>>> print(open('model18.csv').read())   # CSV, C-alpha atoms and all ligand atoms
chain,number,residue,atom,x,y,z
A,625,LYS,CA,-6.6,22.6,25.4
A,626,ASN,CA,-8.8,23.0,22.3
A,627,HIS,CA,-8.4,20.5,19.5
A,628,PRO,CA,-10.0,21.8,16.3
A,629,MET,CA,-8.7,19.1,14.0
A,630,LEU,CA,-9.2,16.2,16.4
A,631,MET,CA,-12.7,17.6,17.2
A,632,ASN,CA,-13.5,17.8,13.5
A,633,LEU,CA,-12.3,14.2,12.8
A,634,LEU,CA,-14.5,13.0,15.7
A,635,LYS,CA,-17.7,14.7,14.6
B,121,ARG,CA,-19.7,-22.7,30.1
B,122,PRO,CA,-18.1,-20.1,27.8
B,123,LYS,CA,-20.4,-18.8,25.1
B,124,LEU,CA,-20.1,-15.8,22.9
B,125,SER,CA,-23.5,-14.0,23.1
B,126,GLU,CA,-25.1,-12.6,20.0
B,127,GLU,CA,-24.0,-9.2,21.3
B,128,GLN,CA,-20.4,-10.2,21.7
B,129,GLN,CA,-20.4,-11.7,18.2
B,130,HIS,CA,-21.8,-8.4,17.0
B,131,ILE,CA,-19.1,-6.4,18.8
B,132,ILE,CA,-16.5,-8.5,17.1
B,133,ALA,CA,-18.1,-8.1,13.7
B,134,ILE,CA,-18.2,-4.3,14.1
B,135,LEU,CA,-14.6,-4.0,15.2
B,136,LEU,CA,-13.3,-6.2,12.3
B,137,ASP,CA,-15.2,-4.1,9.9
B,138,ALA,CA,-14.0,-0.9,11.5
B,139,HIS,CA,-10.4,-2.1,11.2
B,140,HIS,CA,-10.9,-3.2,7.6
B,141,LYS,CA,-12.3,0.3,6.8
B,142,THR,CA,-9.2,2.0,8.4
B,143,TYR,CA,-6.3,-0.3,7.6
B,144,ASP,CA,-5.4,-0.6,3.9
B,145,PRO,CA,-3.1,-3.7,3.5
B,146,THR,CA,-2.0,-2.4,0.1
B,147,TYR,CA,-0.5,0.7,1.8
B,148,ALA,CA,-1.5,2.6,-1.4
B,149,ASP,CA,-1.7,5.9,0.4
B,150,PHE,CA,2.0,5.7,1.5
B,151,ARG,CA,3.0,6.9,-2.0
B,152,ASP,CA,1.4,10.2,-1.1
B,153,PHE,CA,3.6,10.7,2.0
B,154,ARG,CA,6.6,13.0,1.8
B,155,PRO,CA,9.5,10.7,0.4
B,156,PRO,CA,11.6,8.7,2.8
B,157,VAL,CA,15.3,9.7,2.8
B,158,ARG,CA,17.9,7.1,3.6
B,159,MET,CA,21.5,8.4,3.0
B,218,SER,CA,21.4,11.8,7.8
B,219,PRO,CA,20.4,14.7,10.2
B,220,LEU,CA,16.8,13.3,10.8
B,221,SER,CA,16.3,12.4,7.1
B,222,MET,CA,13.3,10.2,7.9
B,223,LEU,CA,11.4,12.8,9.9
B,224,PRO,CA,9.2,14.1,7.0
B,225,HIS,CA,8.2,10.7,5.8
B,226,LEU,CA,7.6,9.3,9.3
B,227,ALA,CA,5.8,12.5,10.4
B,228,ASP,CA,3.4,11.8,7.5
B,229,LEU,CA,3.1,8.1,8.3
B,230,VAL,CA,2.3,8.9,11.9
B,231,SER,CA,-0.1,11.7,11.1
B,232,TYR,CA,-1.9,9.4,8.6
B,233,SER,CA,-2.0,6.7,11.2
B,234,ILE,CA,-3.5,9.0,13.8
B,235,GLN,CA,-6.3,9.8,11.3
B,236,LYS,CA,-7.0,6.1,10.9
B,237,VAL,CA,-6.9,5.4,14.7
B,238,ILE,CA,-9.5,8.1,15.2
B,239,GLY,CA,-11.6,6.6,12.5
B,240,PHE,CA,-11.4,3.2,14.1
B,241,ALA,CA,-12.1,4.7,17.6
B,242,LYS,CA,-15.4,6.3,16.4
B,243,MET,CA,-16.7,2.9,15.5
B,244,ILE,CA,-16.0,1.2,18.9
B,245,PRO,CA,-19.4,0.3,20.4
B,246,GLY,CA,-20.0,2.8,23.2
B,247,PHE,CA,-17.3,5.3,22.2
B,248,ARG,CA,-19.8,7.7,20.7
B,249,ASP,CA,-21.7,7.8,24.0
B,250,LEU,CA,-18.8,9.6,25.7
B,251,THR,CA,-18.5,13.3,25.9
B,252,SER,CA,-16.4,15.1,23.4
B,253,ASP,CA,-13.9,15.9,26.1
B,254,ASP,CA,-13.5,12.2,27.1
B,255,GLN,CA,-13.2,11.1,23.4
B,256,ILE,CA,-10.4,13.6,23.0
B,257,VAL,CA,-8.6,12.6,26.2
B,258,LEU,CA,-8.8,8.9,25.3
B,259,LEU,CA,-7.5,9.5,21.7
B,260,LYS,CA,-4.7,11.8,22.7
B,261,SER,CA,-3.5,9.3,25.3
B,262,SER,CA,-3.9,6.1,23.3
B,263,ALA,CA,-3.0,7.3,19.8
B,264,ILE,CA,0.7,6.3,19.9
B,265,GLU,CA,-0.1,3.0,21.6
B,266,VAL,CA,-2.7,2.0,19.0
B,267,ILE,CA,-0.2,3.0,16.3
B,268,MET,CA,2.3,0.6,17.9
B,269,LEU,CA,-0.4,-2.1,18.1
B,270,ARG,CA,-1.8,-1.7,14.6
B,271,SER,CA,1.7,-1.6,13.2
B,272,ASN,CA,2.3,-5.2,14.3
B,273,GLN,CA,0.4,-6.2,11.1
B,274,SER,CA,3.3,-5.0,9.0
B,275,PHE,CA,6.0,-6.0,11.4
B,276,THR,CA,8.0,-9.0,10.4
B,277,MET,CA,10.4,-11.0,12.6
B,278,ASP,CA,12.3,-12.0,9.4
B,279,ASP,CA,14.4,-8.8,9.6
B,280,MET,CA,12.7,-7.1,12.5
B,281,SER,CA,11.2,-4.4,10.4
B,282,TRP,CA,7.8,-2.9,9.4
B,283,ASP,CA,7.3,-4.1,5.8
B,284,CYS,CA,4.7,-2.1,3.9
B,285,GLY,CA,5.2,-3.6,0.5
B,286,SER,CA,8.4,-2.2,-0.9
B,287,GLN,CA,12.0,-1.3,0.0
B,288,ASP,CA,10.9,2.3,0.1
B,289,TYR,CA,8.2,1.6,2.7
B,290,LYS,CA,10.1,-0.9,4.8
B,291,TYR,CA,11.1,0.6,8.1
B,292,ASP,CA,13.9,-0.8,10.4
B,293,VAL,CA,15.5,0.5,13.6
B,294,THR,CA,17.8,2.8,11.7
B,295,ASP,CA,14.9,4.5,10.0
B,296,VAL,CA,13.3,5.2,13.3
B,297,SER,CA,16.5,6.5,14.7
B,298,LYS,CA,16.7,8.8,11.6
B,299,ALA,CA,13.3,10.3,12.8
B,300,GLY,CA,15.0,11.4,16.0
B,301,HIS,CA,14.3,8.5,18.4
B,302,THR,CA,16.9,6.7,20.5
B,303,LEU,CA,17.3,3.2,21.7
B,304,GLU,CA,15.7,4.1,25.0
B,305,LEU,CA,12.4,3.8,23.1
B,306,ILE,CA,13.4,1.7,20.0
B,307,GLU,CA,14.8,-1.3,21.9
B,308,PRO,CA,11.8,-2.0,24.0
B,309,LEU,CA,9.5,-1.2,21.0
B,310,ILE,CA,11.1,-4.0,19.0
B,311,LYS,CA,10.9,-6.2,22.0
B,312,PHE,CA,7.2,-5.4,22.1
B,313,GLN,CA,6.6,-6.0,18.4
B,314,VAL,CA,8.3,-9.4,18.7
B,315,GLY,CA,6.4,-10.5,21.8
B,316,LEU,CA,3.1,-9.3,20.3
B,317,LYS,CA,3.8,-11.1,17.0
B,318,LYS,CA,4.5,-14.3,18.8
B,319,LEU,CA,1.1,-14.3,20.4
B,320,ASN,CA,-0.2,-15.0,16.9
B,321,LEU,CA,-3.4,-13.2,17.6
B,322,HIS,CA,-6.6,-13.9,15.7
B,323,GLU,CA,-7.7,-10.7,13.9
B,324,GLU,CA,-10.7,-10.8,16.3
B,325,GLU,CA,-8.3,-10.5,19.3
B,326,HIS,CA,-6.1,-7.9,17.6
B,327,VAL,CA,-9.1,-5.5,17.0
B,328,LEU,CA,-10.5,-6.1,20.5
B,329,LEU,CA,-7.1,-5.2,22.0
B,330,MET,CA,-6.9,-2.0,20.1
B,331,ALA,CA,-10.4,-1.1,21.2
B,332,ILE,CA,-9.7,-2.0,24.9
B,333,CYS,CA,-6.5,0.1,24.6
B,334,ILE,CA,-8.5,3.2,23.4
B,335,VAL,CA,-11.3,2.9,26.0
B,336,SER,CA,-9.1,2.9,29.1
B,337,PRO,CA,-10.7,4.3,32.3
B,338,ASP,CA,-7.4,5.4,34.0
B,339,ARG,CA,-6.1,7.8,31.3
B,340,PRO,CA,-5.1,11.2,32.6
B,341,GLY,CA,-8.0,13.7,32.4
B,342,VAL,CA,-10.8,11.2,31.9
B,343,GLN,CA,-14.0,12.7,33.4
B,344,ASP,CA,-16.6,9.9,33.3
B,345,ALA,CA,-14.3,7.0,34.3
B,346,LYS,CA,-17.3,4.9,35.2
B,347,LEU,CA,-18.8,5.1,31.7
B,348,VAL,CA,-15.4,4.4,30.1
B,349,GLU,CA,-14.9,1.5,32.4
B,350,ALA,CA,-18.3,0.1,31.5
B,351,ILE,CA,-17.5,0.3,27.8
B,352,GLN,CA,-14.1,-1.3,28.3
B,353,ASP,CA,-15.4,-4.1,30.5
B,354,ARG,CA,-17.9,-5.1,27.7
B,355,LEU,CA,-14.9,-5.3,25.3
B,356,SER,CA,-12.7,-7.2,27.8
B,357,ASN,CA,-15.4,-9.8,28.5
B,358,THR,CA,-15.9,-10.2,24.8
B,359,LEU,CA,-12.2,-10.8,24.4
B,360,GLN,CA,-12.0,-13.2,27.4
B,361,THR,CA,-15.0,-15.2,26.2
B,362,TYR,CA,-13.7,-15.2,22.6
B,363,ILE,CA,-10.4,-16.7,23.7
B,364,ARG,CA,-12.1,-19.4,25.8
B,365,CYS,CA,-14.6,-20.4,23.0
B,366,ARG,CA,-12.6,-19.8,19.8
B,367,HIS,CA,-8.8,-19.9,20.5
B,368,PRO,CA,-7.4,-23.5,20.4
B,369,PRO,CA,-4.6,-24.6,22.7
B,370,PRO,CA,-1.7,-24.2,23.2
B,371,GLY,CA,-2.0,-20.8,21.6
B,372,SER,CA,-4.8,-19.8,24.1
B,373,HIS,CA,-2.6,-20.6,27.1
B,374,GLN,CA,-2.4,-17.5,29.4
B,375,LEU,CA,-3.4,-15.6,26.3
B,376,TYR,CA,-5.7,-13.0,27.8
B,377,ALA,CA,-3.2,-12.3,30.6
B,378,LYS,CA,-0.5,-12.0,28.1
B,379,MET,CA,-2.6,-9.5,26.1
B,380,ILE,CA,-3.4,-7.4,29.1
B,381,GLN,CA,0.3,-7.4,30.0
B,382,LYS,CA,0.9,-5.8,26.5
B,383,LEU,CA,-1.3,-2.9,27.6
B,384,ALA,CA,1.1,-2.4,30.5
B,385,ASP,CA,4.1,-2.5,28.2
B,386,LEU,CA,2.4,0.1,26.0
B,387,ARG,CA,2.1,2.5,28.9
B,388,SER,CA,5.9,2.4,29.4
B,389,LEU,CA,6.5,2.9,25.7
B,390,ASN,CA,4.0,5.7,25.7
B,391,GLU,CA,5.8,7.5,28.5
B,392,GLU,CA,9.2,7.3,26.8
B,393,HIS,CA,7.7,8.3,23.5
B,394,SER,CA,6.2,11.4,25.1
B,395,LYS,CA,9.5,12.3,26.7
B,396,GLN,CA,11.3,12.0,23.3
B,397,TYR,CA,8.6,13.7,21.3
B,398,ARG,CA,8.8,16.7,23.7
B,399,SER,CA,12.6,16.9,23.1
B,400,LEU,CA,12.3,16.5,19.3
B,401,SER,CA,9.3,18.9,18.9
B,402,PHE,CA,11.1,21.5,21.1
B,403,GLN,CA,13.3,22.5,18.2
B,404,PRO,CA,11.3,24.8,16.0
B,405,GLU,CA,13.2,23.6,12.9
B,406,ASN,CA,11.9,20.2,13.6
B,407,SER,CA,8.4,21.5,14.4
B,408,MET,CA,8.2,23.3,11.0
B,409,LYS,CA,8.4,19.8,9.3
B,410,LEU,CA,5.6,18.3,11.4
B,411,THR,CA,2.0,18.1,10.4
B,412,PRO,CA,-0.6,20.2,12.2
B,413,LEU,CA,-2.5,17.1,13.3
B,414,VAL,CA,0.6,15.6,14.9
B,415,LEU,CA,1.3,18.9,16.7
B,416,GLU,CA,-2.2,19.0,18.0
B,417,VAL,CA,-2.5,15.4,19.2
B,418,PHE,CA,1.1,14.9,20.5
B,419,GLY,CA,1.6,18.4,21.7
B,420,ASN,CA,2.3,21.9,20.2
A,701,LIG,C1,-0.4,1.8,8.7
A,701,LIG,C2,0.5,1.3,9.5
A,701,LIG,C3,0.6,1.5,11.0
A,701,LIG,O1,-0.2,2.6,11.4
A,701,LIG,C4,2.0,1.9,11.5
A,701,LIG,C5,3.2,1.4,10.5
A,701,LIG,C6,4.5,1.5,11.0
A,701,LIG,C7,4.8,1.8,12.3
A,701,LIG,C8,6.1,2.1,12.8
A,701,LIG,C9,7.3,2.1,12.0
A,701,LIG,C10,7.9,3.6,12.1
A,701,LIG,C11,7.9,4.2,13.5
A,701,LIG,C12,6.7,3.9,14.4
A,701,LIG,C13,5.5,4.8,14.0
A,701,LIG,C14,6.9,3.9,16.0
A,701,LIG,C15,6.8,5.3,16.8
A,701,LIG,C16,7.2,5.1,18.2
A,701,LIG,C17,7.6,6.4,16.2
A,701,LIG,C18,7.0,7.5,15.8
A,701,LIG,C19,7.8,8.7,15.2
A,701,LIG,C20,7.1,10.0,15.8
A,701,LIG,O2,7.2,10.0,17.2
A,701,LIG,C21,7.7,11.3,15.2
A,701,LIG,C22,9.1,11.7,15.8
A,701,LIG,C23,9.6,13.1,15.3
A,701,LIG,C24,9.7,13.0,13.7
A,701,LIG,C25,8.3,12.7,13.1
A,701,LIG,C26,7.3,13.8,13.6
A,701,LIG,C27,7.2,13.9,15.2
A,701,LIG,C28,8.6,14.2,15.7
A,701,LIG,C29,6.7,12.5,15.7
A,701,LIG,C30,7.8,11.3,13.7
A,701,LIG,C31,5.9,2.8,16.5
A,701,LIG,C32,5.4,2.0,15.4
A,701,LIG,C33,6.3,2.4,14.3
A,701,LIG,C34,2.9,1.1,9.1
A,701,LIG,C35,1.6,0.4,8.9
A,701,LIG,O3,1.6,-0.9,9.7
>>> encode(input="model18.csv", output="structure tokens")
Amino acid sequence: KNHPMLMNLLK
Amino acid sequence: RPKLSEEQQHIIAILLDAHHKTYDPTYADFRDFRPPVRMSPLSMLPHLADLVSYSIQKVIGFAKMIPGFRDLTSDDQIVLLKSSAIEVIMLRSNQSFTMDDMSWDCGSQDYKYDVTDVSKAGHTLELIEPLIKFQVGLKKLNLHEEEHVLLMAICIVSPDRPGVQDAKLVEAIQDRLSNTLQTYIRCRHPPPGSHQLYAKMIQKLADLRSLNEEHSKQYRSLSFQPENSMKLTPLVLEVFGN
């Protein structure tokens, strides 16, 4: 579903 | 005979530190949230949107430090976090919850939240009643911090979450945490507090699923109104649904 902010916080 | 291995002791140390790094007991950052309004057509929505959004950030930070979590694919980390976020917020909030007045007390009248405040964020008794029931039952377990952080980690790394790809890997990680918790209780939790404790803790995971389900239903209804959605944070919209 694409999660830019979640993805960025997980990096 | 029950014995916490060096590895299990290490897991516990890591999770305690992870929690300490992501849960500030002074609640200093709460002063930066949009102000709570208690007069009210959803007057607490802005403040609690911010409290939830902040808490999601902290849960993500805690999750990243769970031994094994980083081994998961990005897709699985995302699925586990989106599904567990509200449950871990419910769990971690037990630290501020007090049975004195059945509220979440974050250090001042301004940041003390009761059932009416949560109602003023849009939620109904369908969710709020069992949520208080949950907070009370959890508080009464009188968990060691060790058990509290283990339960949060076990909650996050759940194999059966919808959309999980590598269920086996997720299960392997959770099992290591579960066995650590079970061994910790046997070795380190004195009776009678330890009585049925692991079983009672795992039952709380079941309670959280039901609360999660109802929260999701009510979030969908609340977020359906664009005039509510305009007041949400982008992170909340992304994690809970846009
Ligand atoms: C740092 C911490 C912890 O992290 C947590 C702390 C307190 C925790 C509390 C007290 C307040 C309500 C909480 C978050 C409940 C939850 C089910 C409701 C969420 C609202 C939420 O669903 C909302 C509804 C609509 C408006 C807005 C924007 C969106 C639409 C989403 C909020 C469960 C735990 C409860 C304080 C401290 O201990």
>>> residues_around(input="model18.csv", residues="residue 635 of chain A", least_positions_apart="5", cutoff="10 Å", atoms="only C-alpha atoms", output="VMD selection string")
(chain A and resid 630) or (chain B and resid 242 248 252)
>>> interface_residues(input="model18.csv", of="chain A", to="chain B", cutoff="7 Å", atoms="all atoms listed in the file", output="short mmCIF file (atom, residue, chain, number, x, y, z; two decimals) with C-alpha atoms, in the frame of the given file")
data_model
loop_
_atom_site.label_atom_id
_atom_site.label_comp_id
_atom_site.auth_asym_id
_atom_site.auth_seq_id
_atom_site.Cartn_x
_atom_site.Cartn_y
_atom_site.Cartn_z
CA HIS A 627 -8.40 20.50 19.50
CA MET A 629 -8.70 19.10 14.00
CA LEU A 634 -14.50 13.00 15.70
#
>>> closest_atom_pairs(input="model18.csv", of="chain B", to="ligand LIG 701 (chain A)", cutoff="8 Å", atoms="all atoms listed in the file", output="Markdown table")
| residue | atom | partner | partner_atom | distance |
| --- | --- | --- | --- | --- |
| B:143 | CA | A:LIG701 | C1 | 6.4 |
| B:144 | CA | A:LIG701 | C1 | 7.3 |
| B:147 | CA | A:LIG701 | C1 | 7.0 |
| B:220 | CA | A:LIG701 | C24 | 7.7 |
| B:222 | CA | A:LIG701 | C24 | 7.4 |
| B:223 | CA | A:LIG701 | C24 | 4.2 |
| B:224 | CA | A:LIG701 | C25 | 6.3 |
| B:225 | CA | A:LIG701 | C25 | 7.6 |
| B:226 | CA | A:LIG701 | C30 | 4.8 |
| B:227 | CA | A:LIG701 | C25 | 3.7 |
| B:228 | CA | A:LIG701 | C25 | 7.5 |
| B:229 | CA | A:LIG701 | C13 | 7.0 |
| B:230 | CA | A:LIG701 | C13 | 5.6 |
| B:232 | CA | A:LIG701 | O1 | 7.5 |
| B:233 | CA | A:LIG701 | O1 | 4.5 |
| B:234 | CA | A:LIG701 | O1 | 7.6 |
| B:236 | CA | A:LIG701 | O1 | 7.7 |
| B:237 | CA | A:LIG701 | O1 | 8.0 |
| B:264 | CA | A:LIG701 | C16 | 6.8 |
| B:265 | CA | A:LIG701 | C31 | 7.9 |
| B:267 | CA | A:LIG701 | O1 | 4.9 |
| B:268 | CA | A:LIG701 | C32 | 4.2 |
| B:269 | CA | A:LIG701 | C32 | 7.6 |
| B:270 | CA | A:LIG701 | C3 | 5.4 |
| B:271 | CA | A:LIG701 | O3 | 3.6 |
| B:272 | CA | A:LIG701 | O3 | 6.3 |
| B:273 | CA | A:LIG701 | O3 | 5.6 |
| B:274 | CA | A:LIG701 | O3 | 4.5 |
| B:275 | CA | A:LIG701 | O3 | 6.9 |
| B:281 | CA | A:LIG701 | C9 | 7.7 |
| B:282 | CA | A:LIG701 | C9 | 5.7 |
| B:283 | CA | A:LIG701 | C34 | 7.6 |
| B:284 | CA | A:LIG701 | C34 | 6.4 |
| B:291 | CA | A:LIG701 | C9 | 5.6 |
| B:292 | CA | A:LIG701 | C9 | 7.4 |
| B:295 | CA | A:LIG701 | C10 | 7.4 |
| B:296 | CA | A:LIG701 | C11 | 5.5 |
| B:299 | CA | A:LIG701 | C24 | 4.6 |
| B:300 | CA | A:LIG701 | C23 | 5.7 |
| B:301 | CA | A:LIG701 | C22 | 6.6 |
| B:305 | CA | A:LIG701 | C16 | 7.3 |
| B:306 | CA | A:LIG701 | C16 | 7.3 |
| B:309 | CA | A:LIG701 | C31 | 7.0 |
| B:389 | CA | A:LIG701 | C16 | 7.8 |
| B:393 | CA | A:LIG701 | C16 | 6.2 |
| B:396 | CA | A:LIG701 | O2 | 7.6 |
| B:397 | CA | A:LIG701 | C28 | 5.6 |
| B:400 | CA | A:LIG701 | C28 | 5.7 |
| B:401 | CA | A:LIG701 | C28 | 5.7 |
| B:406 | CA | A:LIG701 | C28 | 7.2 |
| B:407 | CA | A:LIG701 | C28 | 7.4 |
| B:409 | CA | A:LIG701 | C26 | 7.5 |
| B:410 | CA | A:LIG701 | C26 | 5.3 |
| B:411 | CA | A:LIG701 | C26 | 7.5 |
| B:414 | CA | A:LIG701 | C27 | 6.8 |
| B:415 | CA | A:LIG701 | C27 | 7.9 |
| B:418 | CA | A:LIG701 | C29 | 7.8 |
>>> closest_residue(input="model18.csv", among="B:354, B:346, B:318, B:339", to="residue 131 of chain B", atoms="only C-alpha atoms")
B:354
>>> closest_residue(input="model18.csv", among="B:310, B:386, B:321, B:345", to="residue 277 of chain B", atoms="all atoms listed in the file")
B:310
>>> closest_residue(input="model18.csv", among="B:341, B:368, B:156, B:293", to="residue 625 of chain A", atoms="all atoms listed in the file")
B:341
>>> residues_around(input="model18.csv", residues="segment 322-329 of chain B", least_positions_apart="5", cutoff="10 Å", atoms="only C-alpha atoms", output="ChimeraX atom specification")
/B:129,131-140,240,244,266,269-270,272-273,316,334-335,352,355-356,358-360,362-363,366-367,375-376,379-380,382-383
>>> atom_distance(input="model18.csv", atom1="atom CA of residue 254 of chain B", atom2="atom CA of residue 342 of chain B")
5.6 Å
>>> axis_aligned_box(input="model18.csv", around="segment 139-149 of chain B", padding_each_side="8 Å", output="lines of an AutoDock Vina configuration file")
center_x = -6.4
center_y = 1.1
center_z = 4.9
size_x = 27.8
size_y = 25.6
size_z = 28.6
>>> atom_distance(input="model18.csv", atom1="atom CA of residue 337 of chain B", atom2="atom CA of residue 314 of chain B")
27.1 Å
>>> atom_distance(input="model18.csv", atom1="atom CA of residue 221 of chain B", atom2="atom CA of residue 298 of chain B")
5.8 Å
>>> build_atoms(input="model18.csv", residues="chain A", atoms="N, CA and C atoms", output="PDB file, keeping the file's coordinate frame")
ATOM      1  N   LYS A 625      -7.752  21.962  26.148  1.00  0.00           N
ATOM      2  CA  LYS A 625      -6.600  22.600  25.400  1.00  0.00           C
ATOM      3  C   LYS A 625      -6.979  22.974  24.011  1.00  0.00           C
ATOM      4  N   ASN A 626      -8.219  22.669  23.630  1.00  0.00           N
ATOM      5  CA  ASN A 626      -8.800  23.000  22.300  1.00  0.00           C
ATOM      6  C   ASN A 626      -8.090  22.223  21.200  1.00  0.00           C
ATOM      7  N   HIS A 627      -8.871  21.362  20.555  1.00  0.00           N
ATOM      8  CA  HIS A 627      -8.400  20.500  19.500  1.00  0.00           C
ATOM      9  C   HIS A 627      -9.287  20.530  18.289  1.00  0.00           C
ATOM     10  N   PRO A 628      -9.195  21.588  17.472  1.00  0.00           N
ATOM     11  CA  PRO A 628     -10.000  21.800  16.300  1.00  0.00           C
ATOM     12  C   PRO A 628     -10.011  20.588  15.310  1.00  0.00           C
ATOM     13  N   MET A 629      -8.824  20.090  14.985  1.00  0.00           N
ATOM     14  CA  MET A 629      -8.700  19.100  14.000  1.00  0.00           C
ATOM     15  C   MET A 629      -9.156  17.706  14.498  1.00  0.00           C
ATOM     16  N   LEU A 630      -8.786  17.417  15.739  1.00  0.00           N
ATOM     17  CA  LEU A 630      -9.200  16.200  16.400  1.00  0.00           C
ATOM     18  C   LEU A 630     -10.735  16.233  16.554  1.00  0.00           C
ATOM     19  N   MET A 631     -11.239  17.362  17.043  1.00  0.00           N
ATOM     20  CA  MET A 631     -12.700  17.600  17.200  1.00  0.00           C
ATOM     21  C   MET A 631     -13.419  17.362  15.907  1.00  0.00           C
ATOM     22  N   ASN A 632     -12.860  17.884  14.819  1.00  0.00           N
ATOM     23  CA  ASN A 632     -13.500  17.800  13.500  1.00  0.00           C
ATOM     24  C   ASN A 632     -13.489  16.331  12.990  1.00  0.00           C
ATOM     25  N   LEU A 633     -12.436  15.587  13.309  1.00  0.00           N
ATOM     26  CA  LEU A 633     -12.300  14.200  12.800  1.00  0.00           C
ATOM     27  C   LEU A 633     -13.240  13.295  13.631  1.00  0.00           C
ATOM     28  N   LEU A 634     -13.626  13.736  14.826  1.00  0.00           N
ATOM     29  CA  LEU A 634     -14.500  13.000  15.700  1.00  0.00           C
ATOM     30  C   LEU A 634     -15.990  13.192  15.419  1.00  0.00           C
ATOM     31  N   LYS A 635     -16.318  14.314  14.786  1.00  0.00           N
ATOM     32  CA  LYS A 635     -17.700  14.700  14.600  1.00  0.00           C
ATOM     33  C   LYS A 635     -18.437  13.562  13.791  1.00  0.00           C
TER      34      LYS A 635
END
